[PDB]
Structures are given as structure tokens and as C-alpha cells.
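Input: a single structure, listed below in C-alpha cells.
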Amino acid sequence: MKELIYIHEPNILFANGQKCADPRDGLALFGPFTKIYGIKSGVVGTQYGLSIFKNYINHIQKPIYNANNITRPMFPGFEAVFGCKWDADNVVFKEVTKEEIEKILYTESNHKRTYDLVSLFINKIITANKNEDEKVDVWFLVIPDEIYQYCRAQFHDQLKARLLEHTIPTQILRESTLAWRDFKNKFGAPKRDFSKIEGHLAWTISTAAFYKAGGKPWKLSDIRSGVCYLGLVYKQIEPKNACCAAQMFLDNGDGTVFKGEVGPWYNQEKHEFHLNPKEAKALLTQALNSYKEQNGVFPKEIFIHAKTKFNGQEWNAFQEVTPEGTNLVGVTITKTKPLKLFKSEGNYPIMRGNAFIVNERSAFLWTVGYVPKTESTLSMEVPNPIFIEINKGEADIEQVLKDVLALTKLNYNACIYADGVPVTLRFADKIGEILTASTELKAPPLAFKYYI
Amino acid sequence: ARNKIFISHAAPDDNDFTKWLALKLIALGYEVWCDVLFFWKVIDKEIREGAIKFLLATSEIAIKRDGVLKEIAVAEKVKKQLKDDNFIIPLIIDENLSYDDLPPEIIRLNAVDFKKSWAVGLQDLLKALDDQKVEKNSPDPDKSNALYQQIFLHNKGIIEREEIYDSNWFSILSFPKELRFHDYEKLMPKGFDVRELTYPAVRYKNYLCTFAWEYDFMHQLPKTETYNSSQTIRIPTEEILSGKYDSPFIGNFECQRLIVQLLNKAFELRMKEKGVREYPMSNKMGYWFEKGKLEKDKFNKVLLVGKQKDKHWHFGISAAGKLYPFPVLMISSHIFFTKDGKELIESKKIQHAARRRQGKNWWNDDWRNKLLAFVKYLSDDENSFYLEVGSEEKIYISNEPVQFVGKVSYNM
DNA sequence: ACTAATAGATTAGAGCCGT
RNA sequence: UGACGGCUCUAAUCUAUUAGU
Ligand SMILES: [Mg+2]
């Protein structure tokens, strides 16, 4: 008989430091941790796209009721949740003609096609930023379906990448999402039906817009102080790999600071997904210096986690650049071995947060399960748990589980209950997808607002 | 004294608005009395003695609700005795309610507009409350926190009863007590595949590692008759299972690797005699039932082969045996599709698309029952099934998966 | 040293549907 | 690319071992 320990849900801080377990409830009830004065929109689309965007903004002004209000919380309205104003009449609209898109699409070179499609939008964005005195906080790109389907060296990745040197928060919204009712797959019904999940769509879009405009919808507090939760992701370039790091830590005021820690670390090696000692030493020196400048003193622990296992050489380099009094914990999180738990009598999956301890150096954690708070399980099918292995260093296998579960609750790109994989890894993955989509940057911005 | 703000509304529909507003007002230090937040005698009592304001969540149904108009009727009465014209405050929320269908007891009054956005309406409501000098306590998040949890943050509660979870791990009941390293390097003809032997065997170094004995390989491996059965290295498996065995000839890691390879090959071989039809995956081996092999194409009162539109879906499994944490046979569920139940559709995209749609129908219990019934078919004896690795050497697999018990449950 | 084979492992990706 | 999740198809590396160059 195998015993499953349980890890309880962590609490995320909201306005006035009040705690809750669901962003969709904590925000609607309490309000964001930091409030902004308002959001100046910026739209780069057609007249059709501008009309759609204004319609959607005014629609989310009013409360949004989704079909199953009990399982997924309703949307009070943008100003009702966040406390700032987001009007559809303050749009600094920059028109894009379908004809110039058409002449771009007719070019033989696909790489030049996607480069020119990115260039159109980004150059219009740059022109407005440098010419229009109207301050724009977030630029919302209402792209048509032709861009999405004809152009497939990715539109989104390059577009986010080529704006990094100018530091402009952007939000791509395909017109299929905003006008889903009038986008039908010739059957007479929408291509993807948002009817029962309209409120959750409003939640996600509004949260993404609020975050990118300088607001912090919620912050974490249920993590150990003095620890720099650091995540690495490796991305393929074809025979080079590209490491990207994201770091989360508590400050002097006990406020979680979540920021990227990315520097170029390119390794070309037969043995892939490993770092040379120089790259690793750079990596760790950058992270430690960032913690030092944010808090003064050095961390009491460097909780390095990744989807891969570390070899000896890079760990020795890590230890060599590490000062004294600081411990290093290298944790590998894998989601490949199928351990599907079926409940004996019933029809709803295992509760989220259950944890199976293999031994002192490994565990299974069900970061995806059935959450009673929303009554809606995060997985349609049986949820595969994440295998958390303490690859290197000394740690408590339950403490690592609770730390990972806490790190699974800071996805600002979506206002879901919690993320299946820890957020630092997923955001580092997004950074790697973007930072490797254009030319090398001397100093990429360390704020996710520009990436997600 | 009367220091409470009564909130009236339709019971099954206006819950969302009133819940937000009541919690919003409570968070600001007010004392709110809502039926959802908190019998007719009681309702009247508050409106008659406890209530200081009567906020009417007005909508196209709250004015057609017989029980609400009664609360309005008593509210009209109480308003007179208090000599307060500003007692009933008609919060209009419904979009289509436009000041022409209002009930006569509220039409003479000016509403607070919530039709265009709730935030300005709450801004309007608070303005009216202060204009009318309604007293309010400090918005302490303590007693107010209690109401918040009693409403939602107590619901977060996790039922603390014990549940039983059926996984997909099938432990290996038994292994042969000894691992043998035979020598047929001089007896192995060039170009012969070790995979074609009747029993599982792996060619490690200048040897042949298998769980069978020397003479077990005679037809497949020629000249083994002349071979001295003393040309073999013996290794207690339990020693390697504990990791104790680590000689310069072979390490514990490599020996366990060879054990896993033997396990997988033995599973593949037994499936050939078990009469299951094989479908190749990208990096694993799937097994499913040809239509008609089962009685009525179902077993243990659980359908394992069925029909989806023009295609036939076949429940399938793939096995990979692991020694960590402990020796088990990890089984994975799959769905395979055939045209007329005979031959497999040769389009991977079509197979994937058919499965993605078929997956919607099946549930937790549906997958568990199908997996357990499909495994129980493998059973040779009452409570297990054996995998052949030698002439007299068997490995026993529990036909039931490992049970996992948890201290936590939900309402279900 | 360097290629080929048989594995098992460990990681990438590309993809395609569901909600 | 509002999202999340499951799955499917490729691909390489690592390690061991043999073969060959
Ligand atoms: Mg985003």
C-alpha cells in the first residue's frame, strides 16, 4: 500500500496583502497588488480590426457571464476588477491596408515574406512611438487570419524579438479571438466556440493587458526567503543550444521579485543540452549579482531547476563561482513517465496537489489535478504528474515539492488557477523562443512584459 | 440599532451581482445582510428593525418575482416610519430594463446605474451612502476575512477522508534468483540476430546474457550441445536489484539495463503467443485486440473494441518495465483505429485525429475499467500472469495495478 | 581514435485535437 | 499567436556493447 503525501495550496498576495488561492477570484474580490492609473491602448490593424478591438473593449467594460458561472468565475468588468480605466476611445490607431499585406504575401521567398510581415507592423509601431506624443502603454496588434495561416521564422517570435531593442510592450490578438462569433467554419457555428468560456477569455486578455501596462495583478508570498529560484531552458538552433534563465526571489520588503536573468550563452557541442564551464560561470555570476543588487546580501540558497540533468563540470563551475555560505540545489523536473492514477469509485480525476515521494531524492507531484476551488479539474484526461528529482545538492523532498507548487502559480500570461509546470521554466522557454528569433542582443530586457 | 444594509434580489440568478456587491460593501466596513451571504419572518425582522438601507438589485426578473415585491412592500412601509425618503435604492443591473417596466413602488425613485459598468455604479452607490451618512465600521480584513472565507475562502477546504487510487504500474512479482552469462562467441554464427532467439537474450561483451539455461538455446543456437554448460557466469539478480553487484566484468547499472531489455523483449514475445495484434508506435510497441478475438469483442463486461462512425476504435496498451523506484511494468493507454476491424488505417494524422475525438467520450472510470479489463485478459492464473524468459525460468506480473492511497479527497 | 548495428535512457522538437 | 492540456509524429544526444575503419 503506497502512501501519497499531500502538499497544500499556496496563497498569492493581492491588494493590501490579502491572500487567496485563485487569481480569478482574488482579483475579482480584492484587486491587484499594484494599481496603475490607466491603460492607453495602441492598435495596429485594419478598420475592421480597429472596430473589432473597440467592440471587444466596450464589451469587457460590461460584466461578462459565461455559461457555467459556478465552475468558472464570471468577469465583473475591467474597471471593476483592476480599478483602472481602459477605454476603447483612447486608441492611437495606425491603419494597415490589406493591399500591402497582399503584396507582401505574393513574394516568393517565405523567409522574406515573414520578415516583411513583421517589419510592416514593427515599423508602424516604432514610427508612432517616436512621432505620436499620445503615450501608448501597450500596443495591441489585431492581425487578420491571412497572416496567421499564409505565413508559416515565425511571425509572433520575430515580431516580439525585433521590438526588444526599443522596449515596447505588445499584445498580439488574432481577430479570430476577438470576433469569434463572426469567424465560422462554413458550418454556421464559430470555428472555436468561446460561448461557454467567454468570461474566462475576458479574464485572460484583461490580465495580460494589465500586466503588460505596468500593473502587477498578484504576487507570491508562500516561498522561502533568501532563496533564488532559478530556471534554465535550452533551445535548439540548427548544431547549437541556447540557455535561458529566469529567477524568482523574495526582497528586503518580503516582496517576490520575478524577473528574467538572460545573457547570451551559446554552446555548440556534440553532447547537447549541456553548458561549458565558462557559460555556466557567467550564468551564475549574473544571477548572483542580480540578487546582490536587489537585496544587498547574497542568497542563502540557489535553487537551480531545469528540465534536464546537470553534469559534473558545470556543477563544479557553479560551485567555483559561488561564494561561501550559499548552498546550491539542482533539481530536474520531467514530465515523461506515465504514472496515471485512476480513482477507484468515481468520475473525477485525482485532486491537484497530491504528491508521491519515491525516496529522499525524488518525488512525483500532481501540479495538474482536480481543484475543488473552481470545481473544474485542470485536465480533461488523466493528469500526468511532474517528476521532481533532486539531482544535486541537499534538500528536503517535501520542501522542494511545495516550492515547485508555489512556483506553478505565477503565470501572468493566463489567469488560470495554476500552471502545470513551474512558471520560471515556462517563461524561460518563451524567452528562448523569442531571444533566438532574431539577431543577438547586446543586453536583452529582463522584464517578461516584453516577451509574453 | 439599525446599522445593516439589506440587499434583496432574485434567488437563483442575481446571486453573482449581490455576492460581489455584498462582499465589496463588507470589505469597506459596512454591515451587509444578504440571504445568499446569510425564514420569511427573519427576512421581515431585519427590514423592520435591523435594516438601515434597502438596496434592490433590480432586473427583468427581480420585478416579476413575487417574493421580492413583498420585500419591497414591507420596505415601502418601513421607509415611511423612519421618515427617510432615501430608504429604497434601486440598483438597476439588467441591460434591457429601461425605466418603463419598473414596478410602481420603485418607478418614482431614481436608480443607481449598473447597466454600463459595475465599477461606476459602486462608485455611485458609495457616494449615495456617504451623502446619506450611513455609518460604517473599519474595513478590517479580520472579521471581514471570516465572511470572505465563509463565502469562498473556507470552501477551499479539502475533505480529509482517505481514497484509493488505481495507477497503471504492475509490479513484477518474481524474478529468477540467478542471472547467467553464457559464452557462445565461438558458437555464434556471423550475421545472426540475438533478437531472433526463441528466448530473450542480450549479447554483452564476449558473452550472451539471458535468464535461460545453456541447453535452453539448442535449435536457435547451434553447437550449444557441444558447448560446456560450465562456460557461463552466474549472478544473483537480487544482489544487482539491491545494486550490491558491481564487478569489473559488468556494473550494476549495465546489469539492470540488460534486465530491462530482457523484460521488454519477453513482453514482446509473449504478446505473440498471447494472440494480440501489434501496432508500431514511434518509439514504443502497442498491442490491441483484433476484432472478434474477444467474446462479443469485450471482456469483464468492459468493451475493449468498438466502432466510431466508419472506423473501428481499438483500445491499446504499451509496456515499458522499469526497476526504479521499484520493479514495475509501466503501462500506457492508447487508441488504435481500423477500417472494418481488420486492417489498420495507414495515416498517422488520421489515426491521431480519430483518437483526439474519441478521447472526449471516455472518462476517468472509462479509462480505468478499460485498462484493468485489458490487463485481466493477460492473466494466466487467478491473480497474475507470467512472462517466458527461459525453459523453466518465469517472471510473474501482478494482473492488478499497484494501489495508491491518499489522505485527501474532494466532494466528488 | 573514427563510422555502423543492437538496445535504454534522456531531451528536443515539430506538429494535431480538445476544452 | 487570449489560453491551458492531452496526444501524435519525427529527430538527436548520452551510455553500454559488438562490428568495422
Ligand atoms: Mg501572451
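Following the order of the C-alpha cells, first chain is A, next is B, and so on, with residues numbered from 1 inside each chain and ligands from 1 in the order they appear.
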
What are the residues of chain B that have an atom within 8 Å of an atom of chain A, counting only C-alpha atoms, as a ChimeraX atom specification? /B:16,20,23-24,115-119,141,153,155-156,158,163-169,325,330-332,359,363-365,368,402-412

Among segment 215-406 of chain A, which ones does DSSP place in helix (DSSP H, G or I), written as JSON, numbers by chain? {"A": [277, 278, 279, 280, 281, 282, 283, 284, 285, 286, 287, 288, 289, 290, 291, 292, 293, 294, 295, 312, 313, 314, 315, 316, 317, 318, 319, 320, 321, 397, 398, 399, 400, 401, 402, 403, 404, 405, 406]}

Expected answer as a PDB file with N, CA and C atoms (P, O5', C5', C4', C3', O3' and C1' of nucleotides), in the first residue's frame: residues within 9 Å of ligand 1, only C-alpha atoms (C1' of nucleotides) and all ligand atoms:
ATOM      1  N   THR A 170       3.860  44.717 -26.108  1.00  0.00           N
ATOM      2  CA  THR A 170       2.960  44.419 -27.209  1.00  0.00           C
ATOM      3  C   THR A 170       2.086  43.228 -26.857  1.00  0.00           C
ATOM      4  N   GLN A 171       0.935  43.157 -27.518  1.00  0.00           N
ATOM      5  CA  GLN A 171      -0.035  42.088 -27.311  1.00  0.00           C
ATOM      6  C   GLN A 171      -0.674  41.756 -28.650  1.00  0.00           C
ATOM      7  N   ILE A 172      -0.376  40.577 -29.179  1.00  0.00           N
ATOM      8  CA  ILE A 172      -0.980  40.139 -30.432  1.00  0.00           C
ATOM      9  C   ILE A 172      -2.332  39.513 -30.134  1.00  0.00           C
ATOM     10  N   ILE A 205      -7.412  37.872 -21.315  1.00  0.00           N
ATOM     11  CA  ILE A 205      -6.988  39.031 -22.095  1.00  0.00           C
ATOM     12  C   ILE A 205      -6.777  40.238 -21.193  1.00  0.00           C
ATOM     13  N   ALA A 208      -3.564  39.820 -19.165  1.00  0.00           N
ATOM     14  CA  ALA A 208      -2.379  40.042 -19.986  1.00  0.00           C
ATOM     15  C   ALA A 208      -2.178  41.524 -20.270  1.00  0.00           C
ATOM     16  N   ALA A 209      -3.257  42.236 -20.600  1.00  0.00           N
ATOM     17  CA  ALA A 209      -3.141  43.667 -20.860  1.00  0.00           C
ATOM     18  C   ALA A 209      -2.728  44.429 -19.610  1.00  0.00           C
ATOM     19  N   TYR A 412       1.486  34.965 -15.497  1.00  0.00           N
ATOM     20  CA  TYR A 412       0.766  36.191 -15.798  1.00  0.00           C
ATOM     21  C   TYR A 412       0.209  36.221 -17.208  1.00  0.00           C
ATOM     22  N   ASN A 413       0.628  35.303 -18.075  1.00  0.00           N
ATOM     23  CA  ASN A 413       0.091  35.253 -19.426  1.00  0.00           C
ATOM     24  C   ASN A 413      -1.306  34.655 -19.477  1.00  0.00           C
ATOM     25  N   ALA A 414      -1.725  33.959 -18.425  1.00  0.00           N
ATOM     26  CA  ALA A 414      -3.068  33.409 -18.344  1.00  0.00           C
ATOM     27  C   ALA A 414      -3.514  33.448 -16.892  1.00  0.00           C
ATOM     28  N   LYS A 449       7.313  41.367 -19.368  1.00  0.00           N
ATOM     29  CA  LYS A 449       6.265  42.177 -20.045  1.00  0.00           C
ATOM     30  C   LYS A 449       6.566  42.256 -21.546  1.00  0.00           C
ATOM     31  N   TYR A 451       7.990  40.043 -23.426  1.00  0.00           N
ATOM     32  CA  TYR A 451       8.078  38.744 -24.080  1.00  0.00           C
ATOM     33  C   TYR A 451       6.739  38.033 -24.170  1.00  0.00           C
ATOM     34  N   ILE A 452       6.017  37.916 -23.064  1.00  0.00           N
ATOM     35  CA  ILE A 452       4.793  37.125 -23.034  1.00  0.00           C
ATOM     36  C   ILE A 452       3.666  37.780 -23.826  1.00  0.00           C
TER      37      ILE A 452
ATOM     38  P     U D   1       0.948  37.313 -27.104  1.00  0.00           P
ATOM     39  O5'   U D   1      -0.150  36.351 -27.742  1.00  0.00           O
ATOM     40  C5'   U D   1       0.217  35.380 -28.715  1.00  0.00           C
ATOM     41  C4'   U D   1      -0.692  35.413 -29.919  1.00  0.00           C
ATOM     42  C3'   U D   1      -1.869  34.444 -29.881  1.00  0.00           C
ATOM     43  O3'   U D   1      -2.982  35.015 -30.566  1.00  0.00           O
ATOM     44  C1'   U D   1      -0.489  33.940 -31.730  1.00  0.00           C
ATOM     45  P     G D   2      -4.477  34.545 -30.212  1.00  0.00           P
ATOM     46  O5'   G D   2      -4.586  34.758 -28.639  1.00  0.00           O
ATOM     47  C5'   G D   2      -4.425  36.046 -28.068  1.00  0.00           C
ATOM     48  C4'   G D   2      -4.759  36.042 -26.600  1.00  0.00           C
ATOM     49  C3'   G D   2      -4.056  34.996 -25.757  1.00  0.00           C
ATOM     50  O3'   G D   2      -2.734  35.361 -25.408  1.00  0.00           O
ATOM     51  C1'   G D   2      -6.348  35.013 -25.227  1.00  0.00           C
ATOM     52  P     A D   3      -1.656  34.220 -25.071  1.00  0.00           P
ATOM     53  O5'   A D   3      -2.293  33.454 -23.833  1.00  0.00           O
ATOM     54  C5'   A D   3      -2.085  32.062 -23.657  1.00  0.00           C
ATOM     55  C4'   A D   3      -3.156  31.448 -22.793  1.00  0.00           C
ATOM     56  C3'   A D   3      -2.922  30.008 -22.388  1.00  0.00           C
ATOM     57  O3'   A D   3      -2.039  29.895 -21.290  1.00  0.00           O
ATOM     58  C1'   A D   3      -5.128  30.243 -23.175  1.00  0.00           C
TER      59        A D   3
END

Determine, counting only C-alpha atoms (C1' of nucleotides), which protein, DNA and RNA residues have an atom within 10 Å of an atom of residue 17 of chain C; residues of the same chain fewer than 4 positions away are not included. Present the result as a ChimeraX atom specification. /B:352-357,359 /D:6-8

Could you write out that same residue set with N, CA and C atoms (P, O5', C5', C4', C3', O3' and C1' of nucleotides) as a PDB file, in the first residue's frame?
ATOM      1  N   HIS B 352      -4.462   9.906 -35.359  1.00  0.00           N
ATOM      2  CA  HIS B 352      -4.407  10.872 -34.267  1.00  0.00           C
ATOM      3  C   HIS B 352      -5.691  11.688 -34.180  1.00  0.00           C
ATOM      4  N   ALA B 353      -6.219  12.123 -35.327  1.00  0.00           N
ATOM      5  CA  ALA B 353      -7.447  12.909 -35.329  1.00  0.00           C
ATOM      6  C   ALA B 353      -8.622  12.100 -34.795  1.00  0.00           C
ATOM      7  N   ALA B 354      -8.720  10.842 -35.231  1.00  0.00           N
ATOM      8  CA  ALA B 354      -9.829   9.972 -34.776  1.00  0.00           C
ATOM      9  C   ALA B 354      -9.743   9.801 -33.257  1.00  0.00           C
ATOM     10  N   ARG B 355      -8.532   9.591 -32.733  1.00  0.00           N
ATOM     11  CA  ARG B 355      -8.348   9.378 -31.272  1.00  0.00           C
ATOM     12  C   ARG B 355      -8.719  10.654 -30.510  1.00  0.00           C
ATOM     13  N   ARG B 356      -8.236  11.811 -30.970  1.00  0.00           N
ATOM     14  CA  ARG B 356      -8.487  13.081 -30.237  1.00  0.00           C
ATOM     15  C   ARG B 356      -9.997  13.287 -30.068  1.00  0.00           C
ATOM     16  N   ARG B 357     -10.794  12.857 -31.050  1.00  0.00           N
ATOM     17  CA  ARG B 357     -12.242  12.981 -30.929  1.00  0.00           C
ATOM     18  C   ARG B 357     -12.804  11.892 -30.023  1.00  0.00           C
ATOM     19  N   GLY B 359     -11.337  10.513 -27.565  1.00  0.00           N
ATOM     20  CA  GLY B 359     -10.953  10.754 -26.187  1.00  0.00           C
ATOM     21  C   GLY B 359     -11.937  11.582 -25.393  1.00  0.00           C
TER      22      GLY B 359
ATOM     23  P     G D   6      -0.699  17.424 -19.722  1.00  0.00           P
ATOM     24  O5'   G D   6      -1.288  16.339 -20.727  1.00  0.00           O
ATOM     25  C5'   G D   6      -2.298  15.434 -20.308  1.00  0.00           C
ATOM     26  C4'   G D   6      -3.124  14.948 -21.471  1.00  0.00           C
ATOM     27  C3'   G D   6      -2.391  14.119 -22.513  1.00  0.00           C
ATOM     28  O3'   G D   6      -2.234  12.762 -22.145  1.00  0.00           O
ATOM     29  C1'   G D   6      -3.645  15.783 -23.599  1.00  0.00           C
ATOM     30  P     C D   7      -0.925  11.956 -22.608  1.00  0.00           P
ATOM     31  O5'   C D   7      -1.057  11.882 -24.193  1.00  0.00           O
ATOM     32  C5'   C D   7      -2.107  11.144 -24.796  1.00  0.00           C
ATOM     33  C4'   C D   7      -2.278  11.495 -26.253  1.00  0.00           C
ATOM     34  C3'   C D   7      -1.187  11.015 -27.194  1.00  0.00           C
ATOM     35  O3'   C D   7      -1.329   9.653 -27.555  1.00  0.00           O
ATOM     36  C1'   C D   7      -1.687  13.273 -27.660  1.00  0.00           C
ATOM     37  P     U D   8      -0.050   8.805 -28.027  1.00  0.00           P
ATOM     38  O5'   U D   8       0.260   9.352 -29.489  1.00  0.00           O
ATOM     39  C5'   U D   8      -0.664   9.157 -30.548  1.00  0.00           C
ATOM     40  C4'   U D   8      -0.317  10.001 -31.748  1.00  0.00           C
ATOM     41  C3'   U D   8       1.063   9.778 -32.345  1.00  0.00           C
ATOM     42  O3'   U D   8       1.124   8.643 -33.188  1.00  0.00           O
ATOM     43  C1'   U D   8       0.669  12.095 -32.119  1.00  0.00           C
TER      44        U D   8
END

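Minimum distance to residue 101 of chain A across A:254, A:116, A:301, A:394 (counting only C-alpha atoms) occurs at A:116.
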
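Note that the spacing between atom CA of residue 416 of chain A and atom CA of residue 179 of chain A amounts to 22.0 Å.
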
Output the contact residues of chain C with respect to chain A at a cut-off of 10 Å, based on only C-alpha atoms (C1' of nucleotides), as a PyMOL selection string. chain C and resi 10-13+18-19

Tell me which protein, DNA and RNA residues are within 9 Å of residue 43 of chain A, counting only C-alpha atoms (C1' of nucleotides), leaving out same-chain ones fewer than 5 positions away, and put them as a short mmCIF file (atom, residue, chain, number, x, y, z; two decimals) with N, CA, C and O atoms, in the first residue's frame.
data_model
loop_
_atom_site.label_atom_id
_atom_site.label_comp_id
_atom_site.auth_asym_id
_atom_site.auth_seq_id
_atom_site.Cartn_x
_atom_site.Cartn_y
_atom_site.Cartn_z
N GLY A 49 -10.29 45.62 -38.02
CA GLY A 49 -9.63 45.25 -36.78
C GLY A 49 -9.84 46.27 -35.68
O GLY A 49 -10.06 45.91 -34.52
N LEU A 50 -9.76 47.55 -36.02
CA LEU A 50 -10.00 48.59 -35.03
C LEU A 50 -11.43 48.54 -34.50
O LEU A 50 -11.66 48.69 -33.30
N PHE A 53 -11.67 45.61 -32.14
CA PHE A 53 -11.00 45.87 -30.87
C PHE A 53 -11.82 46.80 -29.99
O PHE A 53 -11.95 46.57 -28.78
N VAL A 91 -7.70 55.19 -28.48
CA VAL A 91 -6.90 54.32 -29.33
C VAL A 91 -6.07 55.18 -30.27
O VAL A 91 -6.61 56.00 -31.02
N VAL A 92 -4.75 54.99 -30.23
CA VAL A 92 -3.84 55.62 -31.19
C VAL A 92 -3.73 54.65 -32.35
O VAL A 92 -2.79 53.86 -32.44
N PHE A 93 -4.69 54.73 -33.27
CA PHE A 93 -4.83 53.72 -34.31
C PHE A 93 -3.90 53.98 -35.48
O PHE A 93 -3.85 55.09 -36.02
N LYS A 94 -3.18 52.95 -35.90
CA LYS A 94 -2.28 53.00 -37.05
C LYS A 94 -2.79 51.98 -38.07
O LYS A 94 -2.65 50.77 -37.86
N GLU A 95 -3.36 52.47 -39.16
CA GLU A 95 -4.05 51.62 -40.11
C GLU A 95 -3.07 50.79 -40.93
O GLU A 95 -2.04 51.29 -41.39
N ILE A 125 4.71 50.54 -35.59
CA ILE A 125 4.75 50.74 -34.11
C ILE A 125 5.86 51.74 -33.78
O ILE A 125 5.57 52.71 -33.05
N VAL A 138 0.45 49.84 -24.03
CA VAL A 138 0.51 48.53 -24.67
C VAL A 138 0.00 48.67 -26.10
O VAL A 138 -1.03 49.31 -26.34
N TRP A 139 0.73 48.08 -27.04
CA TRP A 139 0.35 48.09 -28.45
C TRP A 139 -0.33 46.77 -28.79
O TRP A 139 0.29 45.71 -28.69
N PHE A 140 -1.59 46.84 -29.20
CA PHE A 140 -2.40 45.66 -29.47
C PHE A 140 -2.49 45.45 -30.97
O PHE A 140 -3.03 46.28 -31.69
N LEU A 141 -1.97 44.32 -31.43
CA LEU A 141 -1.85 44.03 -32.86
C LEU A 141 -2.97 43.09 -33.27
O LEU A 141 -2.91 41.88 -33.04
N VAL A 142 -4.01 43.66 -33.88
CA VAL A 142 -5.14 42.87 -34.38
C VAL A 142 -4.76 42.39 -35.78
O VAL A 142 -4.90 43.12 -36.76
#

List every residue of chain B that has an atom at most 7 Å from any atom of chain D, giving for each one its closest atom pair and the distance in Å to one decimal, counting only C-alpha atoms (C1' of nucleotides), sorted by chain and then by ascending residue number, as a tab-separated table.
residue	atom	partner	partner_atom	distance
B:204	CA	D:17	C1'	5.6
B:205	CA	D:17	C1'	5.7
B:254	CA	D:16	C1'	6.8
B:352	CA	D:8	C1'	5.6

Which neighbours of residue 7 of chain C fall inside 9 Å, counting only C-alpha atoms (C1' of nucleotides), when residues of the same chain fewer than 4 positions from it are skipped, and could you give them as a PyMOL selection string? (chain B and resi 202+258+261) or (chain D and resi 16)
